[PDB]
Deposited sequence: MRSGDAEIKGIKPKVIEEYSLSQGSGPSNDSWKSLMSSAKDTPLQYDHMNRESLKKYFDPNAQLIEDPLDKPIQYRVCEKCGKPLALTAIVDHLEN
């Protein structure tokens, strides 16, 4: 091994063992649970509650909310519709 060695190609060995548009991921995404960036799922299922809530990088934006002009309640984005109706 040598860091300075010019790379010929991919090992045939390895090829023998393996093998458009971003909008076309939608089918798959529809059938795929919520994914995290840096929280491995097998580690989650192993070391954390089966029903744990997880907010990844929780301090990397404020909680997005708006305040009802009628009663002043701070409402999360996904609760606003309901709180109007």
*How would you write out the unmodelled ranges of the deposited sequence, numbered from 1?*
1, 21-29, 96
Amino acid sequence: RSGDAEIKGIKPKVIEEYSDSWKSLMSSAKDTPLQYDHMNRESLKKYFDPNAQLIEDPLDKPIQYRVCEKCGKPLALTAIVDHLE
From here on, numbers count along this sequence of modelled residues.
*What third of the chain, by the recorded C-alpha B-factor, contains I15?*
highest
_Chain thirds of CA B-factor: placement of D57_ = middle
*By the record's CA B-factor, is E42 among the lowest, middle or highest third of residues in the chain?*
highest
